Amino acid sequence: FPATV
Amino acid sequence: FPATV
Amino acid sequence: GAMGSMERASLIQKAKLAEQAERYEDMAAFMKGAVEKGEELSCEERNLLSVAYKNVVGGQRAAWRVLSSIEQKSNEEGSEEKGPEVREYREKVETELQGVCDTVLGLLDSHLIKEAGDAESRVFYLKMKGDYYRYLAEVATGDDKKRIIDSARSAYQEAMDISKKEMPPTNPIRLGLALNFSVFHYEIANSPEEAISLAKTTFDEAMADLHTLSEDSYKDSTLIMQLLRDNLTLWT
Amino acid sequence: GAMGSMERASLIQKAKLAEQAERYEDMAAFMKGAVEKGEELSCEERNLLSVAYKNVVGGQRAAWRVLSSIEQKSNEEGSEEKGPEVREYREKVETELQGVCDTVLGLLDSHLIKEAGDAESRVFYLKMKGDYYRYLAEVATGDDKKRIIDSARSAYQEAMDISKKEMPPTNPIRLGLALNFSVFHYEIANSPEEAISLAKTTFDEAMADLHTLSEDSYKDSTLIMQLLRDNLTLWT
Ligand SMILES: N=C(N)c1cc(-c2cccc(NC(=O)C3(Oc4ccc(Cl)cc4)CCNCC3)c2)cs1
Ligand SMILES: N=C(N)c1cc(-c2cccc(NC(=O)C3(Oc4ccc(Cl)cc4)CCNCC3)c2)cs1
Ligand SMILES: [Mg+2]
Ligand SMILES: [Mg+2]
Ligand SMILES: [Mg+2]
Ligand SMILES: [Mg+2]
Ligand SMILES: [Mg+2]
Ligand SMILES: [Mg+2]
C-alpha cells in the first residue's frame with residue numbers, strides 16, 4: 001500500500 | 001519483564 | 001456525550017496519556033469529547049485528534065483487507081463452501097469502520113470546518129474530510145460509491161485550492177494533503193497518471209523552496225517529500 | 001449474551017477469522033460466546049480462548065504499566081502537581097483490566113474447570129486461573145491483595161500437582177505452567193529463590209525426557225525450555 005499521512 | 005506463556 | 005462531565009483540559013491531558021499507553025480508541029474518545037466542548041482546536045489538539053482516529057481507522061482498514069482477501073478466496077472456483085461467516089464478519093468490521101468515519105465526518109461538519117478560518121486549520125480539516133470519505137470509498141460497492149468518491153474529491157480539491165493560495169510549497173500540511181490526494185487518484189479514482197503528476201509536481205515545487213527553511217522545518221518538509229518519492233518509486 | 005443467537009461452530013470460525021485480522025477483542029468475545037454454549041472445549045478451542053484473552057489482557061497490562069510509571073513520577077519530590085488525571089486514567093484502565101480478568105475467571109468457574117477431567121484440559125484451565133489471579137495481583141493494593149495472591153498460588157499448585165502425576169516432563173502445558181508459576185514466585189510472591197529452583201528443576205527434568213520425543217514434539221518442548229533458560233539468565 002502507498003504512503004499516506 | 002520475564003517470559004510467560 | 002459520555003465525556004460531557006469532564007473538563008476540556010482534562011480530556012486533552014488524558015488523550016496524551018492514552019497515546020503514551022497506545023490506547024488509541026480511548027485517545028479518540030477523549031478527543032471527540034474535547035471537540036464537543038465547542039471551542040476551536042489549537043494546532044497540537046488538531047494533531048491529537050487526527051493521530052487518534054488515524055490509528056483507530058487504520059487498524060480497522062487492515063482488518064477489513066485481511067477479511068476481504070479471505071472472502072474473495074472463498075468465492076474462487078473450487079473453494080469449499082463455508083457458509084456466511086466470512087461475509088458476515090467482514091460486514092461487521094466494515095460497519096464499524098463506516099461508523100468511525102461517520103463520527104469523524106460528523107465532528108468536521110459540526111462544527112470544526114465552518115469555524116476554521118486560518119489556512120493551517122481549514123486545510124487540515126478539509127484534508128481529513130477527504131481522507132475519511134476516501135476510507136468510506138475503499139469499502140463502498142453500492143448506489144452511493146460514485147457520490148462518496150466525489151465527496152472525497154471535492155474536499156481534497158477545496159483543501160488544495162486554499163493550500164496553493166495560502167501556504168508555501170514546503171508546508172507539511174500542504175505536502176501531506178498532496179500525498180494523500182495523489183493516493184486518492186491512484187487507488188480510488190482510477191487515475192494513476194493524475195496521481196503521478198501531482199506527486200511529482202508537489203515534490204519539485206517543494207524542492208525549490210527548501211532553501212528558505214530552518215534546519216527543523218527542513219527536516220519536517222523533507223520527511224514528507226520522501227513519502228512522495230516512495231510512492232513515485234512504487235508507481236513508476 | 002450477545003452471542004447467544006450464533007451457532008457454536010460459527011463463533012469458533014469467526015474467532016479464527018478475528019485472529020487472522022488481529023482483532024483480539026472480537027476473538028475473545030466470540031470465544032466467550034462459544035464457552036457459554038455449555039459444551040466442553042476441544043484442545044484447539046481451549047487455545048483459541050487463551051490466545052484471545054492473553055492478547056487482550058496483555059495490552060491492558062502494558063498500558064497500566066505505562067500509566068503507573070507516569071503516576072509514580074508525578075508523585076516524586078519536585079514534580080509539578082497535575083491534578084487527578086493520571087490517577088483517574090490509570091484507575092480506568094485498571095478497572096477494565098480487572099473486568100477482563102473477572103470475565104475469564106468466571107468462565108473457568110462456570111463451568112470449564114468443574115467439567116475438565118483429562119489432565120490436558122484440567123491443567124490448562126487451572127494454569128489460566130492462576131494466570132488471571134496473577135494479573136489481578138499485579139494491580140492489587142488493598143485488603144484483598146494477600147487473598148488474591150493466595151488464590152493464584154492455590155490454582156497453580158493444584159495444576160502442578162496434577163501435571164507431575166499425569167503428564168511427562170516435556171509436555172508443553174506442564175512446561176508453560178512451570179514457567180508461569182516460576183514468574184509468580186519471582187514477581188508476585190517475593191520468592192526469587194523458589195522461582196529459580198522451579199525453573200531449573202523443570203528445565204533439567206525436561207532435558208532428560210527429550211529423547212522420547214518425535215521431531216515435532218521436540219521443537220514444541222524445547223521452545224518452552226528456552227523461555228525457562230531465558231528467565232534464569234535474567235535472574236542469575
Ligand atoms: N502526536 C502527538 N502527541 C502530537 C503530534 C503533533 C504534530 C503537530 C504538527 C505536525 C505533526 N506531524 C506528524 O504527525 C507527521 O507529519 C504530518 C505531516 C502532514 C500532516 Cl497533514 C500530518 C502529519 C506524521 C507523519 N510523519 C511525520 C510527522 C505532528 C503535535 S502533538
Ligand atoms: N492460535 C491458534 N489459532 C491455535 C493455537 C493452537 C495451539 C495448540 C496447542 C499448543 C499451542 N502452543 C502455543 O500457543 C505456544 O506454546 C504454548 C505452550 C504452553 C502453553 Cl500452556 C500455551 C502455549 C505459545 C507460545 N509459543 C509457542 C507456542 C497452540 C491451536 S490453534
Ligand atoms: Mg469547563
Ligand atoms: Mg456493508
Ligand atoms: Mg492540478
Ligand atoms: Mg446450535
Ligand atoms: Mg482500583
Ligand atoms: Mg516443589
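One-based numbering, in listed order, for ligands and for the atoms of each. Chain naming here is simple, since letters A, B, ... match the order of the sequence lines and numbering starts at 1 in each. Scope of the values below: all heavy atoms of this structure, side chains included, with no hydrogens, waters or symmetry mates.
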Of all the non-hydrogen atoms in the protein, which one sits nearest to atom 20 (C) of ligand 2, and at what distance? B/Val5 CG2, 4.0 Å
Main-chain N/O of C/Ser214 paired with C/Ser217 side-chain donor or acceptor, under 3.5 Å: no
Would you mind checking if C/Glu44 and C/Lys16 are paired as a salt bridge, meaning a charged N to carboxylate O distance below 4.0 Å? yes
Over-ring placement of C/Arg65 relative to A/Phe1, 6.0 Å and 45° cut-offs: yes
Contact partition for D/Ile224 relative to ligand 2, non-hydrogen atoms under 4.0 Å: side chain
Are any of the protein's heavy atoms under 4.0 angstrom from atom 3 (N) of ligand 2, yes or no? yes
Answer yes or no: does atom NZ of C/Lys114 have more than 12 heavy-atom neighbours from other residues, nucleotides or ligands under 6.0 Å? yes
Suppose we screen for salt bridge (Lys or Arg N to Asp or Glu O under 4.0 Å). Which residues come up paired with D/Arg134, at least two apart in sequence or across chains? D/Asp131
For D/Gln60 and D/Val100, which heavy atoms make the closest approach, and how far apart are they? OE1-CG2, 3.4 Å
For atom 5 (C) of ligand 2, which of D/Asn47, D/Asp131, B/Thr4, D/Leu48 has the closest heavy atom? D/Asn47
Whether C/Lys200 side chain and C/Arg229 backbone form a donor-acceptor pair below 3.5 Å: no
If you apply the rule salt bridge (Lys or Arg N to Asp or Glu O under 4.0 Å), what do you find for D/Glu215 with D/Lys219, and how did you get there? CA-CA 6 Å; D/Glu215 179 190 25; D/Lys219 267 167 334 183; 5.6 Å; no
Give the residue, atom name and distance (to 0.1 Å) of the protein heavy atom nearest atom 26 (N) of ligand 2. D/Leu223 CD2, 3.9 Å
Any protein heavy atom sitting closer than 4.0 Å to atom 9 (C) of ligand 2? yes
Is there a donor-acceptor contact under 3.5 Å from the side chain of D/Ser221 to the main chain of D/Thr170? yes
Return yes if some donor-acceptor pair links the side-chain N/O of C/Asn171 with the main-chain N/O of C/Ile173 below 3.5 Å, else return no. yes
Non-hydrogen protein atom less than 4.0 angstrom from atom 14 (O) of ligand 1: no
If I apply the N/O under 3.5 Å rule, does C/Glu19 come out as touching ligand 1? yes
Just the protein N/O/S atoms under 2.8 Å from the Mg ion (ligand 6), please, no waters. D/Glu7 OE1
Protein contact for atom 24 (C) of ligand 1 (heavy atom, distance under 4.0 Å): no
In terms of the angle between their ring planes, are D/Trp235 and D/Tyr186 parallel, tilted or perpendicular, with boundaries placed at 30° and 60°? parallel
Count the heavy atoms belonging to other residues, nucleotides or ligands that lie under 6.0 Å from CG of C/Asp118, then report whether that count exceeds 12. no
Side chains of C/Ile162 and C/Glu158 in contact at under 4.5 Å (non-hydrogen atoms): yes
for atom 21 (Cl) of ligand 1, nearest protein heavy atom and its distance come out as C/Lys127 CE, 3.5 Å
Hey, looking at atom 31 (S) of ligand 2, which of D/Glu44, D/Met128, D/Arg46 has the closest heavy atom? D/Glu44
With heavy atoms under 4.0 Å as the rule, classify the contact between D/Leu177 and ligand 2 as side chain, backbone, both or neither. neither
Any heavy atom of D/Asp220 under 4.0 Å from ligand 2? The part involved is neither
For atom 18 (C) of ligand 1, is there a protein heavy atom at a distance under 4.0 Å? yes
